[PDB]
Amino acid sequence: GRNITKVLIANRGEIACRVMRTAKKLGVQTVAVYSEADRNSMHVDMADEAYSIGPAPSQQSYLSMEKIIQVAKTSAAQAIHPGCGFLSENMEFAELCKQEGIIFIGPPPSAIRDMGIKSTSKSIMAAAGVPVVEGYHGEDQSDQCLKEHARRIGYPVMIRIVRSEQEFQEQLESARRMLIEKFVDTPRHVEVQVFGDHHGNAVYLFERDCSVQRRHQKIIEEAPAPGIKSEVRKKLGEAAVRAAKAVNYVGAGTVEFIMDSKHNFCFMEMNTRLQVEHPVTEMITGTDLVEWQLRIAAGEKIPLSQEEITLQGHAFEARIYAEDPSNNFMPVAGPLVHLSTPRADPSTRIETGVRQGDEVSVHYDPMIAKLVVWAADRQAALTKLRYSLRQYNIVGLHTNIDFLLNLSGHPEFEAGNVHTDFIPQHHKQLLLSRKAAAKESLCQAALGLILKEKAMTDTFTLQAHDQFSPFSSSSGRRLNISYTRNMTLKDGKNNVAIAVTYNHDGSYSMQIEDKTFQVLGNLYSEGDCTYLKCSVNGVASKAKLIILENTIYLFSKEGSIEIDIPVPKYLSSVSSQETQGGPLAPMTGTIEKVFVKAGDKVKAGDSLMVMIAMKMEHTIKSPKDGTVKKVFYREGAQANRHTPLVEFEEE
Amino acid sequence: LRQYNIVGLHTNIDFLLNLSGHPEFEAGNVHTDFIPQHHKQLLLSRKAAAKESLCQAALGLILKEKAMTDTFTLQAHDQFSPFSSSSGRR
Amino acid sequence: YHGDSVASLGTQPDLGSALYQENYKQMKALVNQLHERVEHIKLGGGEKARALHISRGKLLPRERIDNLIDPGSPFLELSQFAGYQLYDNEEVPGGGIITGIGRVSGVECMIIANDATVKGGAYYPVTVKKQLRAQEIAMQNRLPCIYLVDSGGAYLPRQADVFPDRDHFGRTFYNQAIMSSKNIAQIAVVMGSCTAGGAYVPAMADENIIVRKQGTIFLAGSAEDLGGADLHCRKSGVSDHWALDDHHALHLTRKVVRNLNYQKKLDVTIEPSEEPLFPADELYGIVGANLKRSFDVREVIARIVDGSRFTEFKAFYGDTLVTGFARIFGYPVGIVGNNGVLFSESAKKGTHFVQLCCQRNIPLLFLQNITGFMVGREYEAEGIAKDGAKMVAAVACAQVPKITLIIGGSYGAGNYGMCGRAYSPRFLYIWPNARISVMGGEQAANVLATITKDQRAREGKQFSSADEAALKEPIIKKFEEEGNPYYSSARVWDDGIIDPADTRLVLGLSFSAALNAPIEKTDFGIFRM
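Per the deposition metadata, cryo-EM was the technique used to determine this entry, at a resolution of 2.70 Å.

As structure tokens, then:
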């Protein structure tokens, strides 16, 4: 019950950084909590104080109510911000904070409990007059009872779609080989934002659309939701406002409604999670909701009246994930060797919890970041989103960025005809195979390797005493003749041979197959990213160039191409097998042990035989992973020095 | 005010920090005799430091020595000798 | 251009393998044993002696070194185990003297401090040998010598082993005079009593510092009136600087070194340092403590060289010996390590390699794990002795800095060919599992079991199998006891027993110190072709 000057953030990752940013702009001191893995995390370095809450598993760290309360007491934090997930929807934790005199920055326990129970929330919501969806949740399965409930809900219903009473029995038996709801093409999910003060006043921010869903996880959020009439927008929000006042709602909140078509909507659930799709609403209404939440939690009234709240433009939110679309959106954990994003501006807001050089971990959700763009109309905002997504680049792990670009490109999305089967219906179109690269792109990659070598020559020159030597030039010039370099690069599974002639002017003439290209270029650095400015046959382009391992990565506004540099066999270590055909006896000695049968599959480092020579034990090891063709010696045999011990099948 | 740092002469900054944190000033109960009336609380004596502060001071001294070692190493031909480390290893 | 990609040595060991588990457990116990024994030696004379030492206002010998060297700089102590169980009933921790290499005012110096808490700082025979070894190291590497003098004179009961001979106490002053003539600074800090020969140390030094009341100098032994800082500082003139206390004297010493007008210059090419690609503690499992089992020396190399990069020379010829080029902390090094019994090809391969390193002025590192030379009628007919001698002769004449590390057995003439103590390596270190002797314990036992089996078979009285172990068991016990690393290190045969995990750091410090002296041209003798 005090003004908040210090706040503990009982969360990690991006949400923790977002809450902290509002606190810094407000002068409120910030306390982080952290696990052993997140010791160097961005939210730890961002806080004014940070405390360890134990090991990496969240059950023993971020979900440990006792440790969070202990840190809040030890840091003298007056308030706890739970963020989203973890303890944010835990009734016990909220009551414990109230018992210990710490301000929980979130809703009252009564609201958390009432919303949590589906029956209680629906009963109050029907009392609020909010339209309700009709479903049968009864455990009883008698075919007669299920059929009577299907009639009461009215056809069509979902068990198997049931369009009429005559088909009910066949569809029920098919589904069994139950719960009944209402079926219809109802895939538009429209949600509203409501804020309520301790004084009981409430305002409605404009609605958003979360219709697009992948693996039961929302992917794209657009505010205001497309196609909603100005009059419908007022009515939908006012119903949410009346419902919030009736339940005495305090703090931020999201009320969800379901519209199949023709502006017919019904309540689904109300969430106190402070959903992370909040940024789109903030941009359209020009308000900071984290700031409003901190002020309201302290006890202040809602900052703006409903008349003051206004809707401007359109915003889109896209969440980057480390999930790999090819393995059915499988989550991936790996080092982020390169991370870059679209430049920040009032129109373009990037919300991220990770930095270049950070490592993604299986312990927590893999979402890399959330990207928000703002513009006057939906189509213009969509164009900006694609422009920004192309400017988002990640190297070192798999990402959903390509899938997002394809989805935004799809014509139906641009129309605004969004339904939650969008990904299954257009699955073939959304996932597309790589096409063969153009010869021009291959020329750019070759230039990139040549220019990188020139930079390496320059680095050595700086150390050298003879800085101005003509040899340190990268001219590749011979007396009376021109140097042509034969270089091979691999695109996909295809080896490409490029012949590069180093011209006197400093340009390079490259011939791939029967086509000759005149290429000139330079490497320039903006920020920490090297960029290649190049002209091929007079067409000029700029791309970001990263060469890591044996792969050349060129990222351009048009597209990203990855080309491979072939690895020499001697370095490949296939040569190590070639250096000797068979393992021989180290010295003349008795064979004490044989570990291989006449036909046995062995891997390099598998012991084959043990030999004692002059009372000195030697263990013979498998040179290759090849299966054993034959054995030349048995136990107790004396083997002469350098005599073949094992024969390996030719491969 | 905490971010403002002044070394080389005495200033009223710590007095302003005590004054701006006084309960009657927070309440807005101000008058021309406020400083005379609350002189005892506004002027604050020094209190013994915590052991954590002493540890931080020692760490700062050690790190300053390490920085001096790096500065010397910059000008030496033997740039990568293990002796240039500040490990204090035995 | 240094952008070429290259192959790297080393392989990931099978941590689950029983052999690795056993080897790690055995080696770990040896390292723990080594650590706790050093802790005891760290205490010197004991609590009563230490309390008395502090009661006089003097710093403890190891605290003096801590204050003398640069803040946070590593200190390479040498021969920590000198005098360990050397004398029957007398305990002499560290020999009564502490020697090592540390950085003072940014300059690498040799520090020689008497431990007054040990027998009052008296000079035992091992104490003289330890000091003489330190002086030899300083001269060969041009390291300034700092003497923290607090001594009680020679130990009379053992005078015959201290005073008379060439390598006895007299040689200490000879070394000081020679180093001074070569512009290797000699600095003496009298922080206590020095009597008889002790008084010569401050007198023979280029610059000298004495504490106000603790220090005393006199050829013939109140002590303050006879000696004392005031008498020597103001009247005798033996003192160059006058110090109030131990802290003041150490501060003065740092100033003296800063005025040496010395700057280190490197004769070798330098490249940026890189850590090895494999953990060093894996050496515990790879090597173990059983000398009968064999391991690939390349595994040891892969875990100490920069980036685990190694260019092998003559890989398929004389494979029992491994030679190649690498870098440690940026310095170039040529590595020679045993990988089996020495053969004629191995000796020839080594001789060729040593000539290459000497020609290019590349420091040499030897990794001794020997089991002997090839034994056979054919090998002798082909001049294995002639081939083995080729290597002994090349190694001896090499003028590049040489460092030897005994990671296993060291027996017979194999020791000489691999730069043993007799061949003046700049430093010599041993792992806690090493064994050294004229021959392996078993060979001496078996050889005797031939001589006396013959003795009684040829004489005609039968000599039974039980008579065999009344012959063999005492021999094996003797060689095991005298080949133990502590036995070798108690006497100064090596410069210390080092934990394998510390091998890379010790080598880096040692090579860095050895580079203070310019590398000379190598002159070889006649190569008996």
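Caption draft 1: Examining the interface of chain C and chain B more closely. Of the residues lining the interface, 27 residues belong to chain C; the matching set on chain B comes to 15 residues. Carbon and sulfur atoms make up 59% of the area that chain C and chain B hide from each other, which totals about 1800 Å². Summed over the shared surface of chain C and chain B, the number is three salt bridges. Among the salt bridges present, the one from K264 of chain C reaches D78 of chain B, with a minimum N-O distance of 3.4 Å. There are 11 residue pairs in polar contact connecting chain C and chain B.

Caption draft 2: Spatial organisation of the nonpolar core. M110 and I335 of chain C are the most contacted members of the largest nonpolar core, which has 91 residues in total. What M110 of chain C contacts, discounting residues up to four positions off in sequence, is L78, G100, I101, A134, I137, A138, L143, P144, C145 and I146 of chain C. Counting residues in hydrophobic clusters, the runner-up holds 37 residues, among them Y321, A369, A375 and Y392 of chain A.

Caption draft 3: Fine view of the interface of chain A and chain C. Each partner contributes to the interface: chain A provides 14 residues, whereas chain C provides 16 residues. Contact between chain A and chain C buries roughly 1200 Å² in total, counting both sides, with carbon and sulfur atoms accounting for 66%. Counting the contacts that link chain A with chain C gives one salt bridge. For the salt bridge of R641 of chain A with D319 of chain C, the shortest nitrogen-to-oxygen distance reads 3.4 Å. For the interface between chain A and chain C, the tally reads two residue pairs in polar contact. Counting residues per element, the ones that place at least two in the side of chain A that touches chain C are α17 (439-463) and β32 (617-621) of chain A. Here the side of chain A that touches chain C gets four residues from one element, more than from any other, and that element is α17 of chain A. Considered class by class, the residues forming the side of chain A that touches chain C number six nonpolar, four polar and four charged.

Scoring rules and cut-offs
Residues numbered from 1 in each chain as written, not as in the entry; some residues may be left out. Chains lettered and ligands numbered in written order. Part of a larger assembly, values for the part shown. Heavy atoms only, no water. Contact = heavy atoms within 4.5 Å. Buried area = accessible area lost by both parts, 1.4 Å probe. Salt bridge = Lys/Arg side-chain N within 4 Å of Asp/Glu carboxyl O. Polar contact = N/O pair within 3.5 Å; in protein donor to acceptor, adjacent residues only side chain to side chain. Core = buried A, V, L, I, M, F, W, Y, C linked by side-chain atoms within 4.5 Å. Buried < 20%, exposed > 50% of the residue type's maximum accessible area, 1.4 Å probe, protein only. Helix = DSSP H or I, 4+ residues; strand = E, 2+ residues; numbered from the N terminus. Nonpolar A, V, L, I, M, F, W, Y, C, P; charged D, E, K, R; others polar.

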